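Chemist: Need a 3D model of the sequence below.
(chains A, B, C, D, E and F)
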Amino acid sequence: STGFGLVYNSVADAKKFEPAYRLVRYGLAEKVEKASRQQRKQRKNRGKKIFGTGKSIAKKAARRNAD
Amino acid sequence: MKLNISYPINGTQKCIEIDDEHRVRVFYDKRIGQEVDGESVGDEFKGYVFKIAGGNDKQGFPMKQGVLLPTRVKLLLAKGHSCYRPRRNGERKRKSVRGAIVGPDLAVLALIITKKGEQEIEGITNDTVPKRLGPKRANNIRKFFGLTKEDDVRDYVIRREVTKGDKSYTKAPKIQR
Amino acid sequence: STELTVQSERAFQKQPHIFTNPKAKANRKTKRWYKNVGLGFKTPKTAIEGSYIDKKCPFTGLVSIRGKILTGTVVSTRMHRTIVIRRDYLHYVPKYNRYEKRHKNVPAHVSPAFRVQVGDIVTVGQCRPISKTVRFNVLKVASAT
Amino acid sequence: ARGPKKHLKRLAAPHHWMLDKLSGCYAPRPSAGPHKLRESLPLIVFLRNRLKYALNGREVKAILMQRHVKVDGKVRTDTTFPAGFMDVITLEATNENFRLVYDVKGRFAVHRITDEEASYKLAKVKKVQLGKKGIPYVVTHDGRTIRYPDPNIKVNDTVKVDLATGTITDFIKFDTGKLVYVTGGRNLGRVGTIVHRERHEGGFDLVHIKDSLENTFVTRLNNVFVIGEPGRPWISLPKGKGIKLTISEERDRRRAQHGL
RNA sequence: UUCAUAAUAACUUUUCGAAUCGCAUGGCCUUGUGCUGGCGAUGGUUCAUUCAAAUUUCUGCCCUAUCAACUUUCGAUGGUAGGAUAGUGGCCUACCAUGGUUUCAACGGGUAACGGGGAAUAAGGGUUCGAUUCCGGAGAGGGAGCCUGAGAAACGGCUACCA
RNA sequence: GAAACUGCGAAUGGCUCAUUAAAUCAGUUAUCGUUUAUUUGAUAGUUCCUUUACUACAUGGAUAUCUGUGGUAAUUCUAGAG
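Modeler: Residues are numbered from 1 along each chain as shown, chains lettered A, B, ... in the order given. The relevant structure is shown in the block below.
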């Protein structure tokens, strides 16, 4: 077989330059848990809808119940 | 119907509900931006001088001034004149809008209250709320305290001390220029 | 091809930004400017001695000759200061291994210095868009008798 | 229609980049600069595919930020700067200096220059024009404009530049019996000594050119670039020396030249 | 070249000619909080260069005579003078001149027609196809019309009418 | 440093073949007939307007975000004041 090896100088140098997924497999850095591609795309659209912040519209929610 | 009252100097506002027509009949055939007396409105206000300038319609049609008529005329709006917030820079949009002169079609009336009268009510003329944001620039901080040049700055600054629980660390503005 | 009258319009015509000095005293009166066309051509003295102005003339005007230099025989002559050069040529047909003959005409503007008739060869040079169809100007009339 | 174009499909890109057919849909568009789209060479191609330090375009962006690339003295952190002919590319780490000179085939060559000689750049003219306050200023064909030239410098005449400071040092005149490089068309990356010049009346000038082997070839004027006295090169040239050989001559060399 | 560029005469509801900010905190003191000074950001005027964009020269197209005359009122072809245009031009008006294309096939009709680089078949010549991975051009349900920006008659932007 | 103001981009990419027969398009030309953000290059003592009492040691007021008072069957609807 024929690999493709990279021998860095030190540990602090090899941590930053190498891609994140390569650090996971050997067990150097932590695995970055993130949200699914669908739901965070929905969050972008729903965040855009309300001009915002959530304070002003939430205070109206109490007033809208009386109507 | 509802009256949006707001005192400018003190800084307190309240909605007064009016089911009776006779009280609102003073505002019939009166235009946006004129002085109105308090005595003819009702028993609550006597000695006051109201200031009608704005309004609101049933369904949801904010009133614009300079339009004339007692009608709902659709108008062409853009950046520079109110009743439209543009999203694209330069884009226009034809919006619906309520006319100027008041009739029996409204839900809320806009009112500023200049001069006091007799019956000071609960928390509209009694209470006085301070303004939230202090000065900032070089000549705004100078004129507020009446300092002129030689008195210098780095002295008259508001440091609000907020507490999470144990600590009491200071905040501070940033005097630009 | 009017011609001869010098001035006969509603307006008046002079060469732009060339001035006749009123106080100075010389035989000229009419102050003429004329240009060298280039590309190894020869400007005639009928243009220099003449009285015509013309915006669209290459000798006395802003029309600069550049690009291509076509040729051909003249056909049509019957309008004010233009000409139609008929340029004949052959076209190939690979299937039969033969040649064709094709036609299309070329319109051009004439300087009043040159004297033109029907059935004479005319060398012609490309220039600014003079008009709708006319994109060319006359530079020679070598009518061998 | 509608404004500029900010993409380049890989088959539509010029061939002397030497990019792969597979392993990518798009190619790197070189941005605006002192060199044209066809004649330039972007820094992604130079670092990734030529020198072969970085494996992909990701790692080229890491090198530029920390931070030793120097095209014509100054840094440039842009990934796709149009670096072209006679441009000096230095590296403080490794102590390497380069110059983009054309190969006998037509490609850009990886030519390792001395420390040392990488210091002056050679450019062409161009104009030859007066500015305001009657100031005479010269333009370079390879990018820049320089002020206050010598009174006898004209079109197609090459000029040496200081690079670090940015001023004129010396000039060479375009006349017969002098070395000249070619940077356009089919006879690209060849060197020769000149014989004749057909001037013509507004229809492109031509030049007849020999070489050390006495083989003749003809090219256009705008492609030609002067490079010193005959048998006296101002700049260091790579192996080959712009000779250009026959098909059968090159077959003879490779199978003969062996030694494992 | 009436080009580059310079000079004289003035104009203009007089464009621009830095009231902008981070990392360092040095040098002789006229030892002020002043006279000078390092490393990069940003904005700006005219002239270059680059990415382009507009028009433009020459030659080249599939069937049809059961399409031989066609355009000029309502610009057709040309001249002079203005208007508009980023800029040339009948692009648009005013007063004139009657021209332009045509059996070397104009003008009209049809196309189950987007144009090329190409593909299929394969003695040599040629036949037939090219909606479609690259290059250029049109269009966003059908037509007109614009706003903002260097660049849009934008449509994952707007104002109408007809579905 | 959430939010919003200013600046930039959204005119590229992607999809389709309805129209169109000297039109589009291909190869050759000219822009001495014009506009170009961005790009990398150069570059502005000349605004003062008689030259003894003139802002130049630095000028002016808003507007957001947020504080709240709301209406609406409705929608990235936006009215009043601070």
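
Chemist: wait, does stretch D:32-52 make contact with chain A?
Modeler: No: interface with chain A: stretch D:32-52 contributes nothing (C-beta under 8 Å from any C-beta of the partner chain), its closest point being 12.7 Å away. Quick note: C-beta positions are derived from backbone N, CA and C, even for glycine.

Chemist: For chain A, list the residues in contact with RNA strand F, please.
Modeler: A:47-49, A:51-53, A:55-56, A:59-60, A:63-64, A:67 (C-beta under 7 Å from any atom of the strand).

Chemist: For residue D:117, which non-adjacent residue is closest in space?
Modeler: residue D:236 (6.1 Å; C-beta to C-beta, 6 or more residues apart in numbering or on different chains).

Chemist: contacting residues for that neighbour?
Modeler: Residue D:236 sits next to D:99, D:111, D:113, D:114, D:117 when contact means C-beta atoms under 8 Å, 6 or more residues apart in numbering or on different chains.

Chemist: what residues are up against residue D:138?
Modeler: D:125, D:126, D:127, D:128, D:145, D:146, D:147, D:149, D:153, D:159, D:168.

Chemist: Pick out the residue of chain A closest to RNA strand F.
Modeler: Of all residues in chain A, residue A:53 sits closest to RNA strand F, at 3.3 Å by C-beta to the nearest atom of the strand.

Chemist: possible to save the contacts of residue D:236 as TSV with neighbour count?
Modeler: Rendered in TSV, the data for these read as follows (neighbours: other C-beta atoms under 10 Å in any protein chain shown):
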residue	neighbour count
D:99	23
D:111	16
D:113	19
D:114	9
D:117	13
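
Chemist: Adding secondary structure and distance to RNA strand E as columns, could you present the residues you listed in a markdown table?
Modeler: Shown next, in a markdown table, are the contacts of residue D:236 (DSSP: H, G, I helix; E, B strand; the rest coil; distance: C-beta to the nearest atom of the strand, whole Å):
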| residue | secondary structure | distance to RNA strand E |
| --- | --- | --- |
| D:99 | strand | 20 |
| D:111 | strand | 24 |
| D:113 | coil | 24 |
| D:114 | coil | 26 |
| D:117 | coil | 25 |
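
Chemist: Which of those sits closest to residue C:98?
Modeler: residue D:111 (56.2 Å; C-beta to C-beta).

Chemist: out of the contacts of residue D:138, who's nearest residue B:79?
Modeler: Distances from residue B:79 to the contacts of residue D:138, taken by C-beta to C-beta, are shortest for residue D:145, at 42.1 Å.

Chemist: how about that closest one, phi and psi?
Modeler: Per-residue torsions, residue D:145: phi -120, psi 140 (degrees, to the nearest 10).

Chemist: Okay, helices next: where are they in the stretch 51-200 of chain D?
Modeler: Ranges of helices within the stretch 51-200 of chain D are D:57-64, based on DSSP state H, counting those that start in this stretch.

Chemist: ditto for chain A
Modeler: A:11-17, A:20-26, A:37-49, A:54-66 (DSSP state H).

Chemist: Distance to chain D for the ones you listed - can I get that in JSON lines?
Modeler: Conversion of these to JSON lines gives the following (distance: least, C-beta to the nearest C-beta, whole Å):
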{"stretch": "helix A:11-17", "distance to chain D": "6"}
{"stretch": "helix A:20-26", "distance to chain D": "12"}
{"stretch": "helix A:37-49", "distance to chain D": "21"}
{"stretch": "helix A:54-66", "distance to chain D": "38"}
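
Chemist: quick revisit: just put the residues of chain A next to RNA strand F in a markdown table and tack on neighbour count.
Modeler: Converted to a markdown table, these look like this (neighbours: other C-beta under 10 Å):
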| residue | neighbour count |
| --- | --- |
| A:47 | 9 |
| A:48 | 9 |
| A:49 | 7 |
| A:51 | 8 |
| A:52 | 10 |
| A:53 | 8 |
| A:55 | 8 |
| A:56 | 10 |
| A:59 | 10 |
| A:60 | 10 |
| A:63 | 8 |
| A:64 | 9 |
| A:67 | 4 |
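
Chemist: rewinding a little: tell me how far the residue nearest to residue D:117 lies from RNA strand F.
Modeler: 24 Å (C-beta to the nearest atom of the strand, to the nearest Å).

Chemist: before we move on, what about residue D:199?
Modeler: 15 Å.

Chemist: show me what contacts the nearest residue to that residue once chain neighbours are set aside?
Modeler: Once flanking residues are discounted, residue D:199 sits nearest to residue D:205: 5.9 Å by C-beta to C-beta, 6+ apart. For residue D:205, the contact set (C-beta under 8 Å, 6+ apart) comprises D:197, D:198, D:199, D:220, D:221.

Chemist: Show me just the buried residues among the residues you listed.
Modeler: D:197, D:221 (16 or more other C-beta atoms under 10 Å in any protein chain shown).

Chemist: So which of the contacts of residue D:205 are in strands?
Modeler: D:197, D:198, D:220 (DSSP state E).

Chemist: Do any residues in stretch D:130-138 lie close to RNA strand E?
Modeler: Yes: residues of stretch D:130-138 are located near RNA strand E by C-beta under 7 Å from any atom of the strand, namely D:130, D:131, D:132, D:133, D:134.

Chemist: Can I get those residues in a markdown table including neighbour count?
Modeler: What follows is those, written out as a markdown table (neighbours: other C-beta under 10 Å):
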| residue | neighbour count |
| --- | --- |
| D:130 | 10 |
| D:131 | 10 |
| D:132 | 5 |
| D:133 | 5 |
| D:134 | 6 |
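
Chemist: So what's the residue count around residue D:194?
Modeler: 19 (other C-beta atoms under 10 Å in any protein chain shown).

Chemist: how close does it get to RNA strand E?
Modeler: 25 Å.
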